[PDB]
Protein chains: 4
Amino acid sequence: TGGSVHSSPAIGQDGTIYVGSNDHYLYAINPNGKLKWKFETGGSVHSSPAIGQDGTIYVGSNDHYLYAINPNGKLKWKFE
Amino acid sequence: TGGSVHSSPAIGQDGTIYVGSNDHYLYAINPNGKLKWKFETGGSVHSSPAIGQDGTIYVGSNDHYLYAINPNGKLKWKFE
Amino acid sequence: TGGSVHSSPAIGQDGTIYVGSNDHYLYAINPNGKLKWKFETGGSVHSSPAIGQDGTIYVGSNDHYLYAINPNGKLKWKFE
Amino acid sequence: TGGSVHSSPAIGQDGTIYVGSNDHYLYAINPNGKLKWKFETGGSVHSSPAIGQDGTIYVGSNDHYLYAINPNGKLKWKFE
Ligand SMILES: [Cu+2]
Ligand SMILES: [Cu+2]
Ligand SMILES: [Cu+2]
Ligand SMILES: [Cu+2]
Ligand SMILES: [Cu+2]
Ligand SMILES: [Cu+2]
Ligand SMILES: [Cu+2]
Ligand SMILES: [Cu+2]
């Protein structure tokens, strides 16, 4: 990514790999190694993502928020 | 939250999202993004919560304790 | 414990909670909050434990080793 | 390993234990404590590995990449 990957990856049901980066983004990578999407938070994503029953991806950020991202990379909500 | 979310979220059986914050609290957030409760420890919650078979939430804190929280946010025990 | 709990807990099949501490120990805590045992490594246990199919607990340490502990707290092996 | 093990281990279906090290390698250790292989990245492996449905091991590195390693230790891809 653009910075250290301290975050630990999570794997979705279709094999998508989600991981944060110190570059501030949450990455969704296809199992073939090509980017599916990236979502920008306001600070390093050290937190490791979790996947809910409906596929929502949750991850914290050093920007103080817990993010809930939809599987298509669009923000569901953020909690401060 | 009030500080960086380094902690990695855990998801309960009803979809509740639990995560620590450097603001010293463990947060329980409803799947709609509204706060269910927060529990205050005495230091940053870098540790990532785990959920036991009965729903108890366990998480460490920089205050030296491992906390066991009930699903309703009331302390079960803390271990130093 | 004796220092910050940065490690993230793991839960065994009988509900035992395993977590590292910056005090250098891996802790096994009974679901009632009483200590089952502690195992001493040579440096902070920031790593979060994993539990194998036979119940062995694996965790890293800042002492450079990956530890394999038996469920009774006796060392199985360490790898440097 | 050659440096602190901050990474948290993952366990494969055959019991292999995967963990990163600040020495820059991802380690695959057999359940008997003998090395199965190690894979070198370009910086500390603080990230904790995840295992996909086909056994691929994914882990981040402070070198900015998310790595996808095959179960035999050969690189599948890396994503920057
Ligand atoms: Cu860098
Ligand atoms: Cu930044
Ligand atoms: Cu801040
Ligand atoms: Cu503080
Ligand atoms: Cu202290
Ligand atoms: Cu020390
Ligand atoms: Cu060292
Ligand atoms: Cu280095």
Side-chain angles (χ1 to χ4, degrees), chain A residues 1-9 19-27 29 38 40-48 61-62, chain B residues 3-4 6-7 20-26 40-47 59-67 78-80, chain C residues 1-9 19-27 29 38 40-48 60-66 80, chain D residues 1-7 19-27 38-49 59-67 69 78-80:
Chain A
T1 58
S4 292
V5 181
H6 277 71
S7 188
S8 301
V19 78
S21 175
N22 283 11
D23 78 2
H24 309 178
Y25 289 84
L26 175 70
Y27 285 86
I29 299 161
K38 54 198 298 193
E40 202 194 350
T41 81
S44 294
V45 183
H46 276 123
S47 184
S48 302
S61 172
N62 285 5
Chain B
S4 292
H6 277 71
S7 188
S21 175
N22 283 11
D23 78 2
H24 309 178
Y25 289 84
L26 175 70
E40 202 194 350
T41 81
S44 294
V45 183
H46 276 123
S47 184
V59 76
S61 172
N62 285 5
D63 74 4
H64 304 186
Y65 286 78
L66 175 72
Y67 284 88
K78 54 188 184 195
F79 177 92
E80 181 185 8
Chain C
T1 58
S4 292
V5 181
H6 277 71
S7 188
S8 301
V19 78
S21 175
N22 283 11
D23 78 2
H24 309 178
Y25 289 84
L26 175 70
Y27 285 86
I29 299 161
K38 54 198 298 193
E40 202 194 350
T41 81
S44 294
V45 183
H46 276 123
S47 184
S48 302
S61 172
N62 285 5
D63 74 4
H64 304 186
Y65 286 78
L66 175 72
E80 181 185 8
Chain D
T1 58
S4 292
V5 181
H6 277 71
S7 188
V19 78
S21 175
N22 283 11
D23 78 2
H24 309 178
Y25 289 84
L26 175 70
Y27 285 86
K38 54 198 298 193
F39 182 94
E40 202 194 350
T41 81
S44 294
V45 183
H46 276 123
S47 184
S48 302
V59 76
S61 172
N62 285 5
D63 74 4
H64 304 186
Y65 286 78
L66 175 72
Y67 284 88
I69 313 305
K78 54 188 184 195
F79 177 92
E80 181 185 8

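Quick note on labels: first sequence line is chain A, next is B, and so on, each numbered from 1. Counting starts at 1 for both ligands and their atoms, following the listed order.
In this structure, D/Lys78 forms no cation-pi arrangement with D/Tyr67, as its terminal cationic atom is not both closer than 6.0 Å to the ring centre and no more than 45° off the ring axis.
Checked by atom type and distance alone, the side chain of C/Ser44 never pairs as donor or acceptor with a backbone atom of C/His24 at under 3.5 Å. A donor-acceptor pair is defined here as one N or O able to donate and one able to accept, closer than 3.5 Å; such a pair exists between the side chain of A/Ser61 and the backbone of A/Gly43.
Among the candidates C/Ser48, C/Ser7, C/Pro9, the single residue satisfying the side chain to side chain contact (heavy atoms under 4.5 Å, CB included) test with B/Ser47 is C/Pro9.
Ring-plane geometry between D/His46 and D/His6 is classed as perpendicular, the angle between the planes exceeding 60 degrees on a 0 to 90 degree scale with a lower cut at 30.
Around the Cu ion (ligand 5), the protein contributes the following N, O or S atoms at distances under 2.8 Å: B/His64 NE2.
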Candidate pair D/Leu66 and D/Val59, rule side-chain contact (heavy atoms from CB on, under 4.5 Å), full reasoning: CA-CA 6 Å; D/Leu66 175 72; D/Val59 76; 5.9 Å; no

